[PDB]
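Engineer: Take this structure, written in structure tokens, and hold onto it; I'll ask about it next.
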Amino acid sequence: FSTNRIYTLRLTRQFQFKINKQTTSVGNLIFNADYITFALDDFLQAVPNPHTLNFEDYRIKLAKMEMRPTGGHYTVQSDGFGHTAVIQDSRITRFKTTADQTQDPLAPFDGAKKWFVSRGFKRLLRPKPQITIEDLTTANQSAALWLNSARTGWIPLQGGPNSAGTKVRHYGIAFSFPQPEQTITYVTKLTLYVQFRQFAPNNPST
Amino acid sequence: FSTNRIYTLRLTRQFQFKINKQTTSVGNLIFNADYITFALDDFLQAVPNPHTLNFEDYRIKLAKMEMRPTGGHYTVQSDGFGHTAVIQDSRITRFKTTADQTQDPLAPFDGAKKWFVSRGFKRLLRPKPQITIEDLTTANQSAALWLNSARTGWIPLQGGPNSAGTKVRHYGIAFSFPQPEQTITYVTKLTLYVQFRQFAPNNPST
Amino acid sequence: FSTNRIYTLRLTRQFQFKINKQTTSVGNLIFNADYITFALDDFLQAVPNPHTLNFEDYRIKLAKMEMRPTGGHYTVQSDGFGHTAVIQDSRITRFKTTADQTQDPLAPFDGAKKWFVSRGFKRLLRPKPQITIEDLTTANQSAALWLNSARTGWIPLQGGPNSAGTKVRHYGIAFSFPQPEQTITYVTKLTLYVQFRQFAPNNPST
Amino acid sequence: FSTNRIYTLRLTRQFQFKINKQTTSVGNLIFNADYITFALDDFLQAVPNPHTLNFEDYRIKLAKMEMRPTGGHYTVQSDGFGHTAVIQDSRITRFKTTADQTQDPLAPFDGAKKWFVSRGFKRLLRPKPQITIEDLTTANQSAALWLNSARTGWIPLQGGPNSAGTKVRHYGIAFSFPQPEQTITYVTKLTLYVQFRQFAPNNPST
Amino acid sequence: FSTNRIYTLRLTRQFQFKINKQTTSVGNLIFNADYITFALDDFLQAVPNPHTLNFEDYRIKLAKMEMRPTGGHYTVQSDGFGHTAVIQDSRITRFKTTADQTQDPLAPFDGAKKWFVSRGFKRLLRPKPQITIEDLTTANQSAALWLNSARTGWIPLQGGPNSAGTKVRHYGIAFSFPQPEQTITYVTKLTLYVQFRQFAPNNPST
């Protein structure tokens with residue numbers, strides 16, 4: 001029971017996702033995309049999970065996204081295929097498309113993987129937190145760097161001036177789809193595999 | 001970082017394809033066919049791809065065509081089977097049929113593979129560029145020759161009197177189908193596996 | 001062609017540098033110094049280079065500075081010797097001297113290497129990006145940290161709140177010189193050896 | 001003494017090259033470039049060489065370019081450095097620059113090699129003839145392909161409708177330079193290492 | 001971290017040296033000479049160096065003298081050769097000549113190494129501090145002794161009645177030259193390789 005004692009937990013949450021009936025450029029093949037990021041706090045705030053944890057540090061070793069259709073949609077009713085892509089930096093925010101795309105916006109990525117609209121998909125990834133760099137050739141701008149291995153660093157749950165360690169955004173997975181003729185609803189389940197370091201007391205009473 | 005340094009990229013593009021409801025020779029079995037060819041420029045002009053590449057030469061090692069039904073078509077709704085065939089010369093243009101065929105026009109080909117209309121198909125091939133021969137027994141006519149191995153040659157991206165190296169047409173895959181009782185729409189994804197030779201600057205400023 | 005697929009490119013740019021005739025403390029030995037830093041954007045904006053790259057992340061493995069005399073300067077015309085030094089943090093900005101130095105301001109550095117003014121120099125180094133630390137004993141001040149191995153991290157090209165990943169400043173090489181009796185002009189060539197991670201599409205259309 | 005009997009010859013020619021005094025943008029670093037291509041006829045027409053050869057076919061295994069200063073220019077008078085690049089397709093014609101370049105136009109090439117203006121350079125290469133492709137996605141345009149190995153093909157000296165086999169253009173080497181303060185004249189020597197197949201008679205008398 | 005803990009540093013300083021145009025005994029060969037000694041304080045006083053060191057003892061293991069021409073002097077311009085000699089006692093003071101020598105005053109020394117006036121020289125040596133002997137056959141006179149190995153002793157930085165440990169003079173290197181037809185200026189760089197013993201606090205406050 002040393003300072004560096006480690007514990008591993010599995011954490012999950014779910015939510016609904018909708019792909020809307022195509023009402024634009026009807027008759028043409030169009031694509032759109034959305035994305036998911038992972039933060040420990042997103043999971044601790046889910047109703048059935050522990051809302052606080054008594055550990056000093058954490059690191060996310062692995063994340064999982066599974067999206068499967070519901071609402072009575074037929075798995076044998078083909079609606080083409082889109083792609084999933086692992087995008088481990090804040091550029092992923094551009095891949096929630098705000099206009100219709102004439103090509104699959106994710107297919108060109110290295111690591112892009114096909115998925116069929118009518119079956120959903122399942123994918124695991126190593127999501128990355130973004131370390132700050134403030135020394136750029138343009139003054140007062142900043143950029144990011146992330147570490148190749150999760151074993152390199154630890155994130156204090158209550159470190160920093162806001163005690164907001166659990167809100168670090170880890171990137172990330174995006175998914176694209178050809179727009180279908182009818183609306184399709186899905187159940188999405190996210191899973192975190194998180195290591196925690198150092199069991200810790202509550203903050204002192206004041 | 002020598003003159004002969006090689007890089008390899010994967011490139012993709014997508015489009016919609018329709019097989020129309022049978023409205024001719026109704027009640028009888030008929031077949032039609034279409035085809036696809038591959039040019040690097042086709043892929044670089046696709047919206048999400050780089051539209052120019054800073055390499056001196058290229059060669060297409062492998063191509064992949066995948067066509068899958070969309071528009072709510074049921075995979076368990078059987079509409080017979082047609083064939084794909086690898087046709088590596090410009091004769092393939094005759095296999096976009098302009099009249100109904102009473103037999104499957106591609107089935108006799110060596111290499112012809114069956115595919116079910118309601119499931120689509122996936123096929124990889126080695127598409128071939130066509131070298132010119134102008135010395136024929138008939139005057140003012142030319143013919144073609146293609147090389148067995150992609151490693152034999154290189155196509156300069158900006159070589160030739162038109163600087164149109166990326167537009168060389170590589171042949172090719174055709175697909176046939178028995179005409180269905182209802183229209184079927186598909187999503188088609190093409191993929192190229194391309195080697196590039198010699199990282200290169202932009203053309204000099206003028 | 002996985003998420004972690006790596007590509008390696010060599011990139012270069014050039015510019016002119018002048019060491020001015022000595023017009024101060026005439027007859028005495030004085031020294032001055034200047035310095036160079038490395039940012040990917042510096043090289044992509046150079047006219048003959050690709051101005052955007054379709055990769056998700058990068059890291060600079062190695063940099064090279066070569067400065068050689070031009071303008072008819074005689075290599076056999078001895079004008080003494082100064083030093084180069086590898087300075088891998090923003091302290092290097094103090095070594096663009098604004099006053100004449102009575103000693104060589106770089107010679108004391110560990111790693112300082114001699115170079116003859118009339119011949120120029122060539123030096124390779126591992127330039128370092130600067131990670132931010134904001135938790136200091138003095139309020140409202142920040143400091144830097146850099147990683148020993150380039151393999152530890154990745155810089156996303158479009159990551160961070162400014163999408164300015166390519167503008168991260170990597171430090172750095174400084175060079176000093178005894179002031180010569182006549183002006184000397186040089187041609188400087190910088191070279192980067194950069195690994196890129198994950199071929200990527202263009203940003204979606206908006 | 002069979003049909004496939006081979007003979008190897010070394011062939012050479014020389015000419016003068018001038019790099020002009022900079023008279024534009026004086027005070028700025030600018031670059032220009034030129035290039036050389038290789039054709040057997042260029043060498044057979046040189047005064048001291050045999051103007052016809054009694055062989056049926058040939059192939060160029062190796063070419064060499066050596067350019068060295070003359071006109072009294074001092075090798076110890078430094079005028080910076082440019083680069084040489086092997087460019088084995090007709091794109092090389094763009095690298096005879098018609099406007100001043102702000103960067104070295106050849107340095108980014110894979111295989112680019114530095115050379116000092118005041119010493120000249122020497123470089124060997126495998127120059128390539130350009131095979132015609134007329135089947136492009138744009139009608140009535142053509143492009144090129146070249147073969148990786150010289151051992152793959154033979155060029156008949158008198159083949160084709162013009163009996164102009166010796167005029168096939170083999171590409172190619174380009175060289176760039178920073179513009180110097182005074183004009184520099186050079187002697188350039190080119191060398192071909194050519195294999196010939198099948199000793200042959202003169203054409204019949206008519 | 002014991003009493004005997006050793007640290008090793010490299011220290012350097014520079015200065016100008018002139019060999020004057022021959023204005024005496026013109027038309028004849030004459031020689032003059034000068035010398036350098038080494039004291040830690042000489043290097044700590046130099047502007048860019050730390051002016052105090054927090055160590056208890058030191059010893060100089062190795063010294064280096066490098067003198068190279070400047071002022072535009074041509075290296076290919078022959079001005080004869082002189083010699084360097086390692087003179088490890090205070091007799092060296094006699095070898096700053098005050099009258100012209102008709103022979104090279106240092107060439108006879110065992111260890112004398114020639115150097116060309118137009119190229120300068122570089123020499124390493126083990127400089128020696130001088131231990132006092134006061135028991136001589138003549139009253140009120142003293143002499144010197146020095147130790148063969150640097151490992152034999154240690155010099156406390158603040159030892160002795162003047163706390164002037166860093167001012168111990170270590171001998172020494174002399175250089176001779178034939179008097180040239182025109183003045184020649186040089187840049188001289190001296191380097192010390194110093195071991196320090198026992199990291200130490202500041203002197204107590206008073």
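All residue names refer to the structure tokens as shown: chains lettered A, B, ... in order, residues numbered from 1 in each chain, ligands numbered from 1 in order.
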What residues in chain C have any atom no more than 9 Å from chain B when counting only C-alpha atoms, and can you write them as number ranges by chain?
Structural biologist: C: 1, 7, 9-10, 47-50, 53-54, 199-205
Engineer: Excluding range 90-99 of chain B and any residue of its chain fewer than 5 positions from it, enumerate the residues within 8 Å of it, using only C-alpha atoms, and give them as a PyMOL selection string.
Structural biologist: chain B and resi 32-35+105+171-174
Engineer: List the neighbours of range 18-25 of chain E out to 9 Å using only C-alpha atoms; skip same-chain residues closer than 4 positions along the sequence, and give me the result as a PyMOL selection string.
Structural biologist: chain E and resi 29-30+100+177+179-186
Engineer: Find the residues around residue 65 in chain D up to 7 Å (only C-alpha atoms counted), leave out those fewer than 3 positions away in its own chain, and share them as a PDB file with N, CA, C and O atoms, in the first residue's frame.
Structural biologist:
ATOM      1  N   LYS D 122      30.317  17.251 -60.209  1.00  0.00           N
ATOM      2  CA  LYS D 122      30.387  16.048 -61.025  1.00  0.00           C
ATOM      3  C   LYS D 122      29.308  15.107 -60.521  1.00  0.00           C
ATOM      4  O   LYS D 122      29.186  14.906 -59.309  1.00  0.00           O
ATOM      5  N   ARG D 123      28.518  14.542 -61.430  1.00  0.00           N
ATOM      6  CA  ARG D 123      27.461  13.639 -61.004  1.00  0.00           C
ATOM      7  C   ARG D 123      27.148  12.631 -62.098  1.00  0.00           C
ATOM      8  O   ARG D 123      27.102  12.975 -63.282  1.00  0.00           O
ATOM      9  N   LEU D 124      26.925  11.389 -61.682  1.00  0.00           N
ATOM     10  CA  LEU D 124      26.518  10.311 -62.566  1.00  0.00           C
ATOM     11  C   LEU D 124      25.051   9.986 -62.329  1.00  0.00           C
ATOM     12  O   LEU D 124      24.514  10.213 -61.241  1.00  0.00           O
ATOM     13  N   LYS D 189      31.565  18.949 -69.387  1.00  0.00           N
ATOM     14  CA  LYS D 189      31.838  17.723 -70.123  1.00  0.00           C
ATOM     15  C   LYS D 189      30.759  16.706 -69.793  1.00  0.00           C
ATOM     16  O   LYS D 189      30.512  16.417 -68.618  1.00  0.00           O
ATOM     17  N   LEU D 190      30.122  16.170 -70.828  1.00  0.00           N
ATOM     18  CA  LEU D 190      29.142  15.107 -70.688  1.00  0.00           C
ATOM     19  C   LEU D 190      29.743  13.809 -71.205  1.00  0.00           C
ATOM     20  O   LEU D 190      30.514  13.813 -72.169  1.00  0.00           O
ATOM     21  N   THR D 191      29.391  12.701 -70.559  1.00  0.00           N
ATOM     22  CA  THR D 191      29.898  11.389 -70.935  1.00  0.00           C
ATOM     23  C   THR D 191      28.747  10.397 -70.942  1.00  0.00           C
ATOM     24  O   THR D 191      27.970  10.337 -69.983  1.00  0.00           O
TER      25      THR D 191
END
Engineer: Using DSSP on the backbone, list every residue of chain E that comes out as alpha helix (DSSP H), and give them as a PDB file with N, CA, C and O atoms, in the first residue's frame.
Structural biologist:
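So result_29.pdb came out as:
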ATOM      1  N   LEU E  40      43.528  30.329 -12.869  1.00  0.00           N
ATOM      2  CA  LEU E  40      42.078  30.169 -12.827  1.00  0.00           C
ATOM      3  C   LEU E  40      41.375  31.518 -12.760  1.00  0.00           C
ATOM      4  O   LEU E  40      40.339  31.719 -13.404  1.00  0.00           O
ATOM      5  N   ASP E  41      41.929  32.459 -11.992  1.00  0.00           N
ATOM      6  CA  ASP E  41      41.311  33.776 -11.868  1.00  0.00           C
ATOM      7  C   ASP E  41      41.244  34.499 -13.208  1.00  0.00           C
ATOM      8  O   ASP E  41      40.278  35.225 -13.469  1.00  0.00           O
ATOM      9  N   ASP E  42      42.244  34.312 -14.073  1.00  0.00           N
ATOM     10  CA  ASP E  42      42.199  34.929 -15.396  1.00  0.00           C
ATOM     11  C   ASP E  42      40.923  34.550 -16.131  1.00  0.00           C
ATOM     12  O   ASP E  42      40.347  35.365 -16.862  1.00  0.00           O
ATOM     13  N   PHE E  43      40.465  33.313 -15.951  1.00  0.00           N
ATOM     14  CA  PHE E  43      39.291  32.825 -16.657  1.00  0.00           C
ATOM     15  C   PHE E  43      37.995  33.161 -15.935  1.00  0.00           C
ATOM     16  O   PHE E  43      36.982  33.425 -16.593  1.00  0.00           O
ATOM     17  N   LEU E  44      38.001  33.170 -14.603  1.00  0.00           N
ATOM     18  CA  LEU E  44      36.797  33.534 -13.868  1.00  0.00           C
ATOM     19  C   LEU E  44      36.491  35.023 -13.992  1.00  0.00           C
ATOM     20  O   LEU E  44      35.321  35.416 -13.932  1.00  0.00           O
TER      21      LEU E  44
END
Engineer: Could you tell me how far CA of residue 69 in chain D lies from CA of residue 68 in chain C, in Å and to one decimal?
Structural biologist: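 Going from CA of residue 69 in chain D over to CA of residue 68 in chain C, I get 18.8 Å.
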Engineer: How many Å lie between CA of residue 70 in chain B and CA of residue 73 in chain A, rounded to one decimal?
Structural biologist: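 These atoms are spaced 13.9 Å apart.
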Engineer: Assign secondary structure with DSSP using the backbone only, and return the residues of range 5-38 of chain A in strand (DSSP E) as a PyMOL selection string.
Structural biologist: chain A and resi 6-19+31-38
Engineer: Using only N, CA and C atoms, please write the residues we just selected to a file, as an mmCIF file, in the first residue's frame.
Structural biologist:
data_model
loop_
_atom_site.group_PDB
_atom_site.id
_atom_site.type_symbol
_atom_site.label_atom_id
_atom_site.label_comp_id
_atom_site.auth_asym_id
_atom_site.auth_seq_id
_atom_site.Cartn_x
_atom_site.Cartn_y
_atom_site.Cartn_z
ATOM 1 N N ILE A 6 -1.560 1.062 -7.531
ATOM 2 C CA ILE A 6 -2.423 1.295 -8.681
ATOM 3 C C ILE A 6 -3.677 0.438 -8.569
ATOM 4 N N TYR A 7 -4.783 0.998 -9.056
ATOM 5 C CA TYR A 7 -6.068 0.323 -9.146
ATOM 6 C C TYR A 7 -6.625 0.558 -10.543
ATOM 7 N N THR A 8 -7.352 -0.425 -11.069
ATOM 8 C CA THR A 8 -7.934 -0.323 -12.402
ATOM 9 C C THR A 8 -9.439 -0.524 -12.324
ATOM 10 N N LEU A 9 -10.183 0.390 -12.941
ATOM 11 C CA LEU A 9 -11.634 0.313 -13.009
ATOM 12 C C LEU A 9 -12.105 0.370 -14.455
ATOM 13 N N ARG A 10 -13.249 -0.258 -14.699
ATOM 14 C CA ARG A 10 -13.982 -0.127 -15.948
ATOM 15 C C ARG A 10 -15.190 0.770 -15.705
ATOM 16 N N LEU A 11 -15.382 1.762 -16.572
ATOM 17 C CA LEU A 11 -16.456 2.733 -16.421
ATOM 18 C C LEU A 11 -17.205 2.862 -17.737
ATOM 19 N N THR A 12 -18.518 3.078 -17.655
ATOM 20 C CA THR A 12 -19.353 3.089 -18.847
ATOM 21 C C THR A 12 -20.448 4.139 -18.731
ATOM 22 N N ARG A 13 -20.898 4.617 -19.889
ATOM 23 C CA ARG A 13 -22.095 5.440 -19.989
ATOM 24 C C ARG A 13 -22.727 5.179 -21.348
ATOM 25 N N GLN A 14 -23.976 5.615 -21.505
ATOM 26 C CA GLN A 14 -24.701 5.404 -22.748
ATOM 27 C C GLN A 14 -25.503 6.647 -23.099
ATOM 28 N N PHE A 15 -25.888 6.729 -24.367
ATOM 29 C CA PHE A 15 -26.723 7.821 -24.850
ATOM 30 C C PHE A 15 -27.259 7.439 -26.220
ATOM 31 N N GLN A 16 -28.257 8.195 -26.662
ATOM 32 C CA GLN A 16 -28.900 7.972 -27.947
ATOM 33 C C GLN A 16 -28.239 8.824 -29.022
ATOM 34 N N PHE A 17 -28.146 8.271 -30.227
ATOM 35 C CA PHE A 17 -27.668 9.007 -31.388
ATOM 36 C C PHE A 17 -28.621 8.772 -32.547
ATOM 37 N N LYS A 18 -28.879 9.826 -33.316
ATOM 38 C CA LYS A 18 -29.788 9.771 -34.453
ATOM 39 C C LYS A 18 -29.046 10.168 -35.719
ATOM 40 N N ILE A 19 -29.240 9.388 -36.777
ATOM 41 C CA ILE A 19 -28.886 9.790 -38.132
ATOM 42 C C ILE A 19 -30.186 10.137 -38.842
ATOM 43 N N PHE A 31 -22.664 12.619 -47.403
ATOM 44 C CA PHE A 31 -22.118 12.076 -46.171
ATOM 45 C C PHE A 31 -22.112 13.151 -45.095
ATOM 46 N N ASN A 32 -22.238 12.709 -43.847
ATOM 47 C CA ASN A 32 -21.990 13.552 -42.691
ATOM 48 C C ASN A 32 -21.220 12.739 -41.662
ATOM 49 N N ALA A 33 -20.780 13.413 -40.604
ATOM 50 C CA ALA A 33 -19.956 12.768 -39.596
ATOM 51 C C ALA A 33 -20.172 13.440 -38.250
ATOM 52 N N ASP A 34 -19.840 12.699 -37.199
ATOM 53 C CA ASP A 34 -19.848 13.205 -35.836
ATOM 54 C C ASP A 34 -18.685 12.543 -35.108
ATOM 55 N N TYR A 35 -18.510 12.880 -33.833
ATOM 56 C CA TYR A 35 -17.353 12.384 -33.102
ATOM 57 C C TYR A 35 -17.673 12.284 -31.617
ATOM 58 N N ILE A 36 -16.782 11.601 -30.903
ATOM 59 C CA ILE A 36 -16.879 11.415 -29.461
ATOM 60 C C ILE A 36 -15.506 11.656 -28.854
ATOM 61 N N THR A 37 -15.485 12.325 -27.706
ATOM 62 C CA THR A 37 -14.291 12.458 -26.887
ATOM 63 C C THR A 37 -14.575 11.861 -25.513
ATOM 64 N N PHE A 38 -13.513 11.654 -24.737
ATOM 65 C CA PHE A 38 -13.606 10.939 -23.471
ATOM 66 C C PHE A 38 -13.005 11.770 -22.350
#
Engineer: Could you pull the residues within 8 Å of residue 144 in chain E, counting only C-alpha atoms, minus those fewer than 4 positions along the same chain, as a PDB file with N, CA and C atoms, in the first residue's frame?
Structural biologist:
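See result34.pdb below for the written result:
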ATOM      1  N   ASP E  89      58.097  26.839 -15.915  1.00  0.00           N
ATOM      2  CA  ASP E  89      58.625  27.566 -14.769  1.00  0.00           C
ATOM      3  C   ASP E  89      58.781  29.031 -15.158  1.00  0.00           C
ATOM      4  N   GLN E 130      53.996  26.591  -9.016  1.00  0.00           N
ATOM      5  CA  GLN E 130      55.365  26.634  -8.511  1.00  0.00           C
ATOM      6  C   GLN E 130      55.351  26.626  -6.989  1.00  0.00           C
ATOM      7  N   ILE E 131      55.894  25.567  -6.408  1.00  0.00           N
ATOM      8  CA  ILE E 131      56.008  25.417  -4.961  1.00  0.00           C
ATOM      9  C   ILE E 131      57.290  26.095  -4.500  1.00  0.00           C
ATOM     10  N   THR E 132      57.231  26.742  -3.340  1.00  0.00           N
ATOM     11  CA  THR E 132      58.328  27.570  -2.857  1.00  0.00           C
ATOM     12  C   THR E 132      59.350  26.742  -2.088  1.00  0.00           C
ATOM     13  N   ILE E 133      60.627  26.976  -2.387  1.00  0.00           N
ATOM     14  CA  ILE E 133      61.748  26.509  -1.581  1.00  0.00           C
ATOM     15  C   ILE E 133      62.548  27.732  -1.161  1.00  0.00           C
TER      16      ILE E 133
END
Engineer: Tell me which protein, DNA and RNA residues are within 9 Å of residue 4 in chain C, counting only C-alpha atoms, leaving out same-chain ones fewer than 5 positions away, and put them as number ranges by chain.
Structural biologist: A: 110-111; C: 197-198
Engineer: Any idea what the distance is between CA of residue 59 in chain D and CA of residue 3 in chain D?
Structural biologist: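 For CA of residue 59 in chain D relative to CA of residue 3 in chain D, the distance reads 15.6 Å.
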